[PDB]
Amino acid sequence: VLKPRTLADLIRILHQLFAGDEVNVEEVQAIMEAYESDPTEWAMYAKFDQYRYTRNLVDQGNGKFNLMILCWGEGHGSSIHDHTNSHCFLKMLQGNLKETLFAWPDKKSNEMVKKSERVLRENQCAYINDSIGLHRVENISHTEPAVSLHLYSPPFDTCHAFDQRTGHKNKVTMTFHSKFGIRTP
């Protein structure tokens, strides 16, 4: 696999990968994973919040995708969510995330079913889409932070958040804590 030597190279390569109409998921996953995380290259995007994780936009991929960095503070986690019909890749940059895959709820109301559960390792890149399942992702440590790099294509502004007890969902607008290293409003 082609190995980006720096986040810049990776981004460059991504522009090519998503330039077309076809996307080789396997191939992208490989290239994201090959990139060996280097805090020096991404610290400018590593802006944490005390209470919840943060989204820091990194690149807009010429409209073809969103490359962002999420910063999980001690014990921070996400909700069980979908991915608005887009491709979604997440690669570990620091620390470890526990990913739990869930099955889509029905009209009926009741406890959501876990389909898979694992821990993403160092520099590991995972992949997901709506036809695969819903998921929840969490920092496994209560003393160290976690940092992941995320790519969505096409990009999307909203997602659904699921209630693990009933499967009830609600629309959520996704916001950014910072863009291009710049804290937002």
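In this text, residue numbers run from 1 along the sequence as written.
*Asks:* Would you tell me which stretch averages the higher CA B-factor in the PDB entry, 152-160 or 126-134?
*Replies:* Higher of the two, by average CA B-factor, is 152-160.
*Asks:* When the Cα temperature factors in the entry are averaged, is it 40-48 or 22-30 that ends up higher?
*Replies:* The deposited B-factors put 22-30 ahead on the C-alpha mean.
*Asks:* By the CA temperature factor listed in this entry, which of these ranks top: 99, 74, 82, 111?
*Replies:* Among 99, 74, 82, 111, the highest C-alpha B-factor in the entry belongs to 111.
*Asks:* Quick one: classify residue 62 as lowest, middle or highest third of the chain based on its Cα B-factor.
*Replies:* For residue 62, whose C-alpha B-factor we compare with every modelled residue in the chain, the answer is the highest third.
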